[PDB]
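Engineer:
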Amino acid sequence: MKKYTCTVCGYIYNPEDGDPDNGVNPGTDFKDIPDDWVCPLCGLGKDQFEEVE
Ligand SMILES: [Fe+3]
């Protein structure tokens, strides 16, 4: 699985760590995250994210 980052703010989603405070457990592929989950830092949605390489 790949990290994704928010291209509006730098927030890196790391699949290893999930985002547990918002319901996304460790091991959750970004593409498996609920499409109504927001960047925990800027409060925008998945669509401002891109795959990291
Ligand atoms: Fe963001």
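Take the sequence shown: its position 46, counted from the start at 1, is 46 in the deposited numbering, and no numbers get skipped.
Backbone N, C-alpha and C define an ideal beta-carbon position, used for all residues, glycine too.
Here's a check: name, in chain order, each residue in its chain whose Cβ is nearer than 8 Å to the Cβ of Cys6, leaving out the five neighbours to either side.
Structural biologist: Numbered from its first residue, the sequence shown carries residue 6 at position 6. Closer than 8 Å at the Cβ level, and outside the excluded window around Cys6, lie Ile12, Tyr13, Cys39, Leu41, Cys42, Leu44, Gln48 and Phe49.
Engineer: Nearest CA to the CA of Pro15: which residue from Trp37, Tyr4, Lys46 and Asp36?
Structural biologist: As a first step, residue 15 is located in the sequence shown; it is residue number 15 there, counting from the start. Cα-wise, what sits closest to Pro15 is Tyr4.
Engineer: Give a yes or no on whether the C-beta atoms belonging to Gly27 and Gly18 are separated by under 8 Å.
Structural biologist: On the sequence shown, position 27 is the one that residue 27 refers to. On the sequence shown, position 18 is the one that residue 18 refers to. Yes. Within cutoff.
Engineer: Per DSSP, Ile33 is paired with what?
Structural biologist: As a first step, residue 33 must be located in the sequence shown, where it is residue number 33. According to DSSP, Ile33 bridges with nothing at all.
Engineer: If you compare alpha carbons, which of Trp37, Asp36 and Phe30 is closest to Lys2?
Structural biologist: Numbered from its first residue, the sequence shown carries residue 2 at position 2. Selection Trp37, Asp36 and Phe30 evaluated against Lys2 yields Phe30 as nearest (Cα-Cα).
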